file query_8.pdb (PDB, C-alpha atoms and all ligand atoms)
ATOM      1  CA  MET A   1     -80.810   7.537  -6.795  1.00  0.00           C
ATOM      2  CA  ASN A   2     -83.927   8.136  -8.809  1.00  0.00           C
ATOM      3  CA  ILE A   3     -85.970  10.867 -10.237  1.00  0.00           C
ATOM      4  CA  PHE A   4     -87.787  11.759  -6.954  1.00  0.00           C
ATOM      5  CA  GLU A   5     -84.681  12.066  -4.917  1.00  0.00           C
ATOM      6  CA  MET A   6     -83.056  13.848  -7.666  1.00  0.00           C
ATOM      7  CA  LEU A   7     -85.856  16.331  -7.964  1.00  0.00           C
ATOM      8  CA  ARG A   8     -86.229  16.517  -4.289  1.00  0.00           C
ATOM      9  CA  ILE A   9     -82.703  17.714  -4.210  1.00  0.00           C
ATOM     10  CA  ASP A  10     -82.921  20.388  -6.850  1.00  0.00           C
ATOM     11  CA  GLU A  11     -86.340  21.794  -5.754  1.00  0.00           C
ATOM     12  CA  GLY A  12     -86.364  21.517  -2.005  1.00  0.00           C
ATOM     13  CA  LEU A  13     -89.452  21.199   0.202  1.00  0.00           C
ATOM     14  CA  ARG A  14     -91.594  23.989   1.578  1.00  0.00           C
ATOM     15  CA  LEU A  15     -94.884  23.649   3.348  1.00  0.00           C
ATOM     16  CA  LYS A  16     -95.770  27.411   3.011  1.00  0.00           C
ATOM     17  CA  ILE A  17     -96.400  29.395  -0.181  1.00  0.00           C
ATOM     18  CA  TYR A  18     -93.221  30.754  -1.503  1.00  0.00           C
ATOM     19  CA  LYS A  19     -91.805  32.555  -4.425  1.00  0.00           C
ATOM     20  CA  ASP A  20     -89.497  30.598  -6.794  1.00  0.00           C
ATOM     21  CA  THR A  21     -86.335  31.903  -8.320  1.00  0.00           C
ATOM     22  CA  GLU A  22     -88.514  33.511 -10.967  1.00  0.00           C
ATOM     23  CA  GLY A  23     -90.690  35.191  -8.348  1.00  0.00           C
ATOM     24  CA  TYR A  24     -93.695  32.955  -8.709  1.00  0.00           C
ATOM     25  CA  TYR A  25     -95.967  31.393  -6.186  1.00  0.00           C
ATOM     26  CA  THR A  26     -95.021  27.860  -5.569  1.00  0.00           C
ATOM     27  CA  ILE A  27     -95.258  25.309  -2.812  1.00  0.00           C
ATOM     28  CA  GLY A  28     -94.084  21.973  -1.721  1.00  0.00           C
ATOM     29  CA  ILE A  29     -91.649  20.359  -3.984  1.00  0.00           C
ATOM     30  CA  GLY A  30     -91.353  22.804  -6.795  1.00  0.00           C
ATOM     31  CA  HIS A  31     -95.118  23.011  -7.284  1.00  0.00           C
ATOM     32  CA  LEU A  32     -96.026  25.988  -9.361  1.00  0.00           C
ATOM     33  CA  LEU A  33     -99.158  27.618  -8.318  1.00  0.00           C
ATOM     34  CA  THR A  34     -99.564  30.676 -10.420  1.00  0.00           C
ATOM     35  CA  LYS A  35     -97.748  33.212 -12.423  1.00  0.00           C
ATOM     36  CA  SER A  36     -99.994  35.882 -11.141  1.00  0.00           C
ATOM     37  CA  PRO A  37     -98.544  38.228  -8.484  1.00  0.00           C
ATOM     38  CA  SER A  38    -101.700  38.161  -6.278  1.00  0.00           C
ATOM     39  CA  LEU A  39    -101.143  35.913  -3.245  1.00  0.00           C
ATOM     40  CA  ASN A  40    -104.763  35.427  -3.196  1.00  0.00           C
ATOM     41  CA  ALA A  41    -104.839  33.957  -6.641  1.00  0.00           C
ATOM     42  CA  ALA A  42    -102.088  31.713  -5.300  1.00  0.00           C
ATOM     43  CA  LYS A  43    -104.125  30.659  -2.302  1.00  0.00           C
ATOM     44  CA  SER A  44    -107.199  29.921  -4.334  1.00  0.00           C
ATOM     45  CA  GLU A  45    -105.018  27.851  -6.558  1.00  0.00           C
ATOM     46  CA  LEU A  46    -103.588  25.835  -3.632  1.00  0.00           C
ATOM     47  CA  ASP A  47    -107.019  25.188  -2.246  1.00  0.00           C
ATOM     48  CA  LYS A  48    -108.203  23.987  -5.533  1.00  0.00           C
ATOM     49  CA  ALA A  49    -105.148  21.667  -5.880  1.00  0.00           C
ATOM     50  CA  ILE A  50    -105.219  20.202  -2.421  1.00  0.00           C
ATOM     51  CA  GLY A  51    -108.910  19.971  -2.134  1.00  0.00           C
ATOM     52  CA  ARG A  52    -109.373  22.085   0.933  1.00  0.00           C
ATOM     53  CA  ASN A  53    -108.941  25.514   2.439  1.00  0.00           C
ATOM     54  CA  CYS A  54    -105.197  25.525   3.063  1.00  0.00           C
ATOM     55  CA  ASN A  55    -104.624  29.055   4.029  1.00  0.00           C
ATOM     56  CA  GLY A  56    -101.240  28.994   2.382  1.00  0.00           C
ATOM     57  CA  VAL A  57    -100.031  25.904   4.159  1.00  0.00           C
ATOM     58  CA  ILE A  58     -99.848  22.209   3.595  1.00  0.00           C
ATOM     59  CA  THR A  59     -98.641  19.002   5.038  1.00  0.00           C
ATOM     60  CA  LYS A  60     -95.816  16.709   3.954  1.00  0.00           C
ATOM     61  CA  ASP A  61     -98.056  14.064   2.553  1.00  0.00           C
ATOM     62  CA  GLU A  62     -99.953  16.716   0.608  1.00  0.00           C
ATOM     63  CA  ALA A  63     -96.625  17.924  -0.709  1.00  0.00           C
ATOM     64  CA  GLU A  64     -95.627  14.496  -1.797  1.00  0.00           C
ATOM     65  CA  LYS A  65     -98.986  13.995  -3.334  1.00  0.00           C
ATOM     66  CA  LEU A  66     -98.562  16.978  -5.562  1.00  0.00           C
ATOM     67  CA  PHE A  67     -95.005  15.897  -6.317  1.00  0.00           C
ATOM     68  CA  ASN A  68     -96.126  12.503  -7.453  1.00  0.00           C
ATOM     69  CA  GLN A  69     -98.693  13.997  -9.742  1.00  0.00           C
ATOM     70  CA  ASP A  70     -96.177  16.361 -11.066  1.00  0.00           C
ATOM     71  CA  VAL A  71     -93.495  13.810 -11.999  1.00  0.00           C
ATOM     72  CA  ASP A  72     -96.235  11.928 -13.557  1.00  0.00           C
ATOM     73  CA  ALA A  73     -97.410  14.821 -15.656  1.00  0.00           C
ATOM     74  CA  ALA A  74     -93.794  15.500 -16.744  1.00  0.00           C
ATOM     75  CA  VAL A  75     -93.244  12.164 -18.108  1.00  0.00           C
ATOM     76  CA  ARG A  76     -96.591  12.123 -19.693  1.00  0.00           C
ATOM     77  CA  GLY A  77     -95.812  15.542 -21.222  1.00  0.00           C
ATOM     78  CA  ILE A  78     -92.670  14.079 -22.652  1.00  0.00           C
ATOM     79  CA  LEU A  79     -94.298  10.975 -24.049  1.00  0.00           C
ATOM     80  CA  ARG A  80     -96.903  13.154 -25.674  1.00  0.00           C
ATOM     81  CA  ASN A  81     -94.615  15.472 -27.531  1.00  0.00           C
ATOM     82  CA  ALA A  82     -93.592  14.306 -31.018  1.00  0.00           C
ATOM     83  CA  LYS A  83     -90.302  16.115 -30.814  1.00  0.00           C
ATOM     84  CA  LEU A  84     -89.422  14.890 -27.314  1.00  0.00           C
ATOM     85  CA  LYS A  85     -90.632  11.360 -27.497  1.00  0.00           C
ATOM     86  CA  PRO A  86     -88.069  10.030 -29.812  1.00  0.00           C
ATOM     87  CA  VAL A  87     -85.226  11.608 -27.915  1.00  0.00           C
ATOM     88  CA  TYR A  88     -86.300  10.390 -24.659  1.00  0.00           C
ATOM     89  CA  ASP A  89     -86.717   6.896 -25.830  1.00  0.00           C
ATOM     90  CA  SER A  90     -83.229   6.921 -27.258  1.00  0.00           C
ATOM     91  CA  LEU A  91     -81.721   7.653 -23.918  1.00  0.00           C
ATOM     92  CA  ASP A  92     -80.566   5.372 -21.132  1.00  0.00           C
ATOM     93  CA  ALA A  93     -82.095   5.515 -17.738  1.00  0.00           C
ATOM     94  CA  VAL A  94     -79.924   8.072 -15.996  1.00  0.00           C
ATOM     95  CA  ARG A  95     -80.027  10.441 -18.769  1.00  0.00           C
ATOM     96  CA  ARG A  96     -83.788  10.005 -18.858  1.00  0.00           C
ATOM     97  CA  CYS A  97     -83.891  11.392 -15.388  1.00  0.00           C
ATOM     98  CA  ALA A  98     -82.212  14.444 -16.587  1.00  0.00           C
ATOM     99  CA  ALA A  99     -84.819  14.959 -19.321  1.00  0.00           C
ATOM    100  CA  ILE A 100     -87.622  14.753 -16.823  1.00  0.00           C
ATOM    101  CA  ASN A 101     -85.816  17.190 -14.557  1.00  0.00           C
ATOM    102  CA  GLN A 102     -85.612  19.843 -17.171  1.00  0.00           C
ATOM    103  CA  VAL A 103     -89.117  19.296 -18.174  1.00  0.00           C
ATOM    104  CA  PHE A 104     -90.257  19.492 -14.569  1.00  0.00           C
ATOM    105  CA  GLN A 105     -88.443  22.717 -14.300  1.00  0.00           C
ATOM    106  CA  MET A 106     -89.130  24.418 -17.490  1.00  0.00           C
ATOM    107  CA  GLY A 107     -92.228  22.911 -19.146  1.00  0.00           C
ATOM    108  CA  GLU A 108     -92.660  20.863 -22.349  1.00  0.00           C
ATOM    109  CA  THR A 109     -92.797  24.236 -23.932  1.00  0.00           C
ATOM    110  CA  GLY A 110     -89.379  25.519 -22.771  1.00  0.00           C
ATOM    111  CA  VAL A 111     -87.653  22.216 -23.523  1.00  0.00           C
ATOM    112  CA  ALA A 112     -89.221  21.771 -26.919  1.00  0.00           C
ATOM    113  CA  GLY A 113     -87.099  24.658 -28.624  1.00  0.00           C
ATOM    114  CA  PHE A 114     -83.744  23.227 -27.499  1.00  0.00           C
ATOM    115  CA  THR A 115     -83.735  21.759 -30.888  1.00  0.00           C
ATOM    116  CA  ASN A 116     -80.090  21.676 -31.423  1.00  0.00           C
ATOM    117  CA  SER A 117     -79.438  19.953 -28.163  1.00  0.00           C
ATOM    118  CA  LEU A 118     -82.216  17.598 -28.829  1.00  0.00           C
ATOM    119  CA  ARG A 119     -80.645  16.581 -31.983  1.00  0.00           C
ATOM    120  CA  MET A 120     -77.340  16.324 -30.214  1.00  0.00           C
ATOM    121  CA  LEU A 121     -78.591  14.203 -27.453  1.00  0.00           C
ATOM    122  CA  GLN A 122     -80.201  11.956 -29.974  1.00  0.00           C
ATOM    123  CA  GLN A 123     -76.930  11.410 -31.748  1.00  0.00           C
ATOM    124  CA  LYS A 124     -75.283  10.688 -28.471  1.00  0.00           C
ATOM    125  CA  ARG A 125     -72.802  13.668 -28.828  1.00  0.00           C
ATOM    126  CA  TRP A 126     -72.605  14.214 -25.070  1.00  0.00           C
ATOM    127  CA  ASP A 127     -69.933  16.742 -24.796  1.00  0.00           C
ATOM    128  CA  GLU A 128     -71.453  18.652 -27.638  1.00  0.00           C
ATOM    129  CA  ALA A 129     -74.921  18.720 -26.204  1.00  0.00           C
ATOM    130  CA  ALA A 130     -73.590  19.732 -22.879  1.00  0.00           C
ATOM    131  CA  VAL A 131     -71.867  22.832 -24.282  1.00  0.00           C
ATOM    132  CA  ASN A 132     -74.931  23.742 -26.260  1.00  0.00           C
ATOM    133  CA  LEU A 133     -77.184  23.330 -23.312  1.00  0.00           C
ATOM    134  CA  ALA A 134     -75.141  25.906 -21.303  1.00  0.00           C
ATOM    135  CA  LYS A 135     -75.730  28.504 -23.941  1.00  0.00           C
ATOM    136  CA  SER A 136     -79.048  29.291 -22.512  1.00  0.00           C
ATOM    137  CA  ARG A 137     -81.045  31.465 -20.290  1.00  0.00           C
ATOM    138  CA  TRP A 138     -81.821  28.378 -18.113  1.00  0.00           C
ATOM    139  CA  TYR A 139     -78.179  27.781 -17.356  1.00  0.00           C
ATOM    140  CA  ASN A 140     -77.490  31.521 -16.737  1.00  0.00           C
ATOM    141  CA  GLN A 141     -80.403  31.953 -14.356  1.00  0.00           C
ATOM    142  CA  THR A 142     -79.893  28.780 -12.388  1.00  0.00           C
ATOM    143  CA  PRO A 143     -76.318  27.730 -12.873  1.00  0.00           C
ATOM    144  CA  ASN A 144     -75.799  25.361  -9.993  1.00  0.00           C
ATOM    145  CA  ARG A 145     -78.835  23.360 -10.933  1.00  0.00           C
ATOM    146  CA  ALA A 146     -78.372  23.589 -14.695  1.00  0.00           C
ATOM    147  CA  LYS A 147     -74.811  22.288 -14.106  1.00  0.00           C
ATOM    148  CA  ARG A 148     -76.015  19.226 -12.234  1.00  0.00           C
ATOM    149  CA  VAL A 149     -78.435  18.285 -14.994  1.00  0.00           C
ATOM    150  CA  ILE A 150     -76.033  19.013 -17.698  1.00  0.00           C
ATOM    151  CA  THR A 151     -73.435  16.816 -16.085  1.00  0.00           C
ATOM    152  CA  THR A 152     -76.011  14.201 -15.779  1.00  0.00           C
ATOM    153  CA  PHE A 153     -76.621  14.301 -19.551  1.00  0.00           C
ATOM    154  CA  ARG A 154     -72.956  14.434 -20.251  1.00  0.00           C
ATOM    155  CA  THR A 155     -71.872  11.522 -18.201  1.00  0.00           C
ATOM    156  CA  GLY A 156     -74.781   9.268 -17.938  1.00  0.00           C
ATOM    157  CA  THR A 157     -73.979   8.941 -14.093  1.00  0.00           C
ATOM    158  CA  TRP A 158     -75.254  10.397 -10.804  1.00  0.00           C
ATOM    159  CA  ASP A 159     -72.038  11.939  -9.894  1.00  0.00           C
ATOM    160  CA  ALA A 160     -73.382  15.496  -9.861  1.00  0.00           C
ATOM    161  CA  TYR A 161     -75.782  14.426  -7.280  1.00  0.00           C
ATOM    162  CA  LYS A 162     -72.845  12.732  -5.493  1.00  0.00           C
TER     163      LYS A 162
HETATM  164  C1  LIG B 201     -82.842  19.266 -24.246  1.00  0.00           C
HETATM  165  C2  LIG B 201     -83.894  18.490 -23.964  1.00  0.00           C
HETATM  166  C3  LIG B 201     -83.668  17.126 -23.373  1.00  0.00           C
HETATM  167  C4  LIG B 201     -84.952  16.336 -23.389  1.00  0.00           C
HETATM  168  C5  LIG B 201     -85.108  15.227 -24.219  1.00  0.00           C
HETATM  169  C6  LIG B 201     -86.290  14.493 -24.159  1.00  0.00           C
HETATM  170  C7  LIG B 201     -87.319  14.893 -23.304  1.00  0.00           C
HETATM  171  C8  LIG B 201     -87.145  15.998 -22.466  1.00  0.00           C
HETATM  172  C9  LIG B 201     -85.954  16.729 -22.513  1.00  0.00           C
HETATM  173  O1  LIG B 201     -85.669  17.879 -21.777  1.00  0.00           O
HETATM  174 CL    CL B 202    -103.866  18.398  -7.837  1.00  0.00          CL
HETATM  175 CL    CL B 203     -78.871  26.876  -9.223  1.00  0.00          CL
END

call {"tool": "encode", "arguments": {"input": "query_8.pdb", "output": "C-alpha cells", "more": "lines below"}}
Ligand SMILES: C=CCc1ccccc1O
Ligand SMILES: [Cl-]
Ligand SMILES: [Cl-]
result
Amino acid sequence: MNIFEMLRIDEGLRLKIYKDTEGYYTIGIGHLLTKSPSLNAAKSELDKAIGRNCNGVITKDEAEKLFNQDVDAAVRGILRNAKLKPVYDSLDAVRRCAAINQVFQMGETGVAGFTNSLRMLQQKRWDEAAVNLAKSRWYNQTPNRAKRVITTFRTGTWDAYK
C-alpha cells in the first residue's frame, strides 16, 4: 500500500467529466476541474490541463498523468505551509499518507483550520485527534471515506484499506 493506491481507492477513476460529491466538475482520479456549473467552463479547463481538445474525455495515461501531478502538488502544498509542515514531519509514514489524502481532498486551505487536530496529531494523541477530526463537516459529508482516513491516523496502519 501507498499513497497512489490509497487515493486510487478513495477517489475512483473516470475517463468522462463527472460531478463530485459536492457537485463539481471533475475527472480522472479525483481531478477537480472547476467550481463553476458551466460544463463548458469544465471542458475548456480539461483541454487546458491535458493539452488538447478532449471533448470531455480522456485516456488512462492522461488520467494518471494528472494524478501524478496532483499528488505532487499536495505534498508540495503541505511542505509549503508553515502550520502543516511541522506536523507532517512529525508523523510516521503511514500517517503521512493520511495527511496527503485529506489535503488532496480538501485543499491546504480546508486542512489548515483543523488546528486542534493538528495540535493533537503533533502530540501523538491518536484517539483524541480521531474524535476531534470526526466533529467536522468533512466527516459528515463523506463518512465512509473520512472514517478510513481517520482510522489511518488513529492506528498508524493500513487496516482501513484492508
Ligand atoms: C488535520 C490535518 C492533518 C495534516 C497534517 C499535516 C499535513 C496535512 C494534514 O491534513
Ligand atoms: Cl496539468
Ligand atoms: Cl464516503

call {"tool": "residues_around", "arguments": {"input": "query_8.pdb", "residues": "residue A:40", "least_positions_apart": "6", "cutoff": "10 Å", "atoms": "all atoms listed in the file", "output": "VMD selection string"}}
result
chain A and resid 46 55 to 56

call {"tool": "closest_residue", "arguments": {"input": "query_8.pdb", "among": "A:137, A:112, A:149, A:17", "to": "residue A:82", "atoms": "all atoms listed in the file"}}
result
A:112

call {"tool": "closest_atom_pairs", "arguments": {"input": "query_8.pdb", "of": "chain A", "to": "ligand CL 203 (chain B)", "cutoff": "12 Å", "atoms": "all atoms listed in the file", "output": "JSON lines"}}
result
{"residue": "A:9", "atom": "CA", "partner": "B:CL203", "partner_atom": "CL", "distance": 11.1}
{"residue": "A:10", "atom": "CA", "partner": "B:CL203", "partner_atom": "CL", "distance": 8.0}
{"residue": "A:11", "atom": "CA", "partner": "B:CL203", "partner_atom": "CL", "distance": 9.7}
{"residue": "A:12", "atom": "CA", "partner": "B:CL203", "partner_atom": "CL", "distance": 11.7}
{"residue": "A:20", "atom": "CA", "partner": "B:CL203", "partner_atom": "CL", "distance": 11.5}
{"residue": "A:21", "atom": "CA", "partner": "B:CL203", "partner_atom": "CL", "distance": 9.0}
{"residue": "A:22", "atom": "CA", "partner": "B:CL203", "partner_atom": "CL", "distance": 11.8}
{"residue": "A:105", "atom": "CA", "partner": "B:CL203", "partner_atom": "CL", "distance": 11.6}
{"residue": "A:138", "atom": "CA", "partner": "B:CL203", "partner_atom": "CL", "distance": 9.5}
{"residue": "A:139", "atom": "CA", "partner": "B:CL203", "partner_atom": "CL", "distance": 8.2}
{"residue": "A:140", "atom": "CA", "partner": "B:CL203", "partner_atom": "CL", "distance": 8.9}
{"residue": "A:141", "atom": "CA", "partner": "B:CL203", "partner_atom": "CL", "distance": 7.4}
{"residue": "A:142", "atom": "CA", "partner": "B:CL203", "partner_atom": "CL", "distance": 3.8}
{"residue": "A:143", "atom": "CA", "partner": "B:CL203", "partner_atom": "CL", "distance": 4.5}
{"residue": "A:144", "atom": "CA", "partner": "B:CL203", "partner_atom": "CL", "distance": 3.5}
{"residue": "A:145", "atom": "CA", "partner": "B:CL203", "partner_atom": "CL", "distance": 3.9}
{"residue": "A:146", "atom": "CA", "partner": "B:CL203", "partner_atom": "CL", "distance": 6.4}
{"residue": "A:147", "atom": "CA", "partner": "B:CL203", "partner_atom": "CL", "distance": 7.8}
{"residue": "A:148", "atom": "CA", "partner": "B:CL203", "partner_atom": "CL", "distance": 8.7}
{"residue": "A:149", "atom": "CA", "partner": "B:CL203", "partner_atom": "CL", "distance": 10.4}
{"residue": "A:150", "atom": "CA", "partner": "B:CL203", "partner_atom": "CL", "distance": 11.9}

call {"tool": "residues_near_ligand", "arguments": {"input": "query_8.pdb", "ligand": "ligand CL 202 (chain B)", "cutoff": "9 Å", "atoms": "only C-alpha atoms and all ligand atoms", "output": "short mmCIF file (atom, residue, chain, number, x, y, z; two decimals) with C-alpha atoms, in the frame of the given file"}}
result
data_model
loop_
_atom_site.label_atom_id
_atom_site.label_comp_id
_atom_site.auth_asym_id
_atom_site.auth_seq_id
_atom_site.Cartn_x
_atom_site.Cartn_y
_atom_site.Cartn_z
CA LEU A 46 -103.59 25.84 -3.63
CA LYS A 48 -108.20 23.99 -5.53
CA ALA A 49 -105.15 21.67 -5.88
CA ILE A 50 -105.22 20.20 -2.42
CA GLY A 51 -108.91 19.97 -2.13
CA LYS A 65 -98.99 14.00 -3.33
CA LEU A 66 -98.56 16.98 -5.56
CA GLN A 69 -98.69 14.00 -9.74
CA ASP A 70 -96.18 16.36 -11.07
#

call {"tool": "atom_distance", "arguments": {"input": "query_8.pdb", "atom1": "atom CA of residue A:128", "atom2": "atom CA of residue A:116"}}
result
9.9 Å

call {"tool": "residues_near_ligand", "arguments": {"input": "query_8.pdb", "ligand": "ligand LIG 201 (chain B)", "cutoff": "10 Å", "atoms": "only C-alpha atoms and all ligand atoms", "output": "JSON, numbers by chain"}}
result
{"A": [74, 75, 77, 78, 79, 81, 82, 83, 84, 85, 86, 87, 88, 89, 90, 91, 95, 96, 97, 98, 99, 100, 101, 102, 103, 104, 105, 106, 107, 108, 109, 110, 111, 112, 113, 114, 115, 116, 117, 118, 119, 120, 121, 122, 129, 130, 132, 133, 149, 150, 153]}

call {"tool": "atom_distance", "arguments": {"input": "query_8.pdb", "atom1": "atom CA of residue A:28", "atom2": "atom CA of residue A:13"}}
result
5.1 Å

call {"tool": "residues_around", "arguments": {"input": "query_8.pdb", "residues": "residue A:37", "least_positions_apart": "3", "cutoff": "9 Å", "atoms": "only C-alpha atoms", "output": "number ranges by chain"}}
result
A: 23-25, 34, 40-42

call {"tool": "closest_residue", "arguments": {"input": "query_8.pdb", "among": "A:1, A:126, A:39, A:152", "to": "residue A:18", "atoms": "only C-alpha atoms"}}
result
A:39

call {"tool": "closest_residue", "arguments": {"input": "query_8.pdb", "among": "A:154, A:162, A:80, A:14", "to": "residue A:61", "atoms": "only C-alpha atoms"}}
result
A:14

call {"tool": "atom_distance", "arguments": {"input": "query_8.pdb", "atom1": "atom CA of residue A:94", "atom2": "atom CA of residue A:158"}}
result
7.4 Å
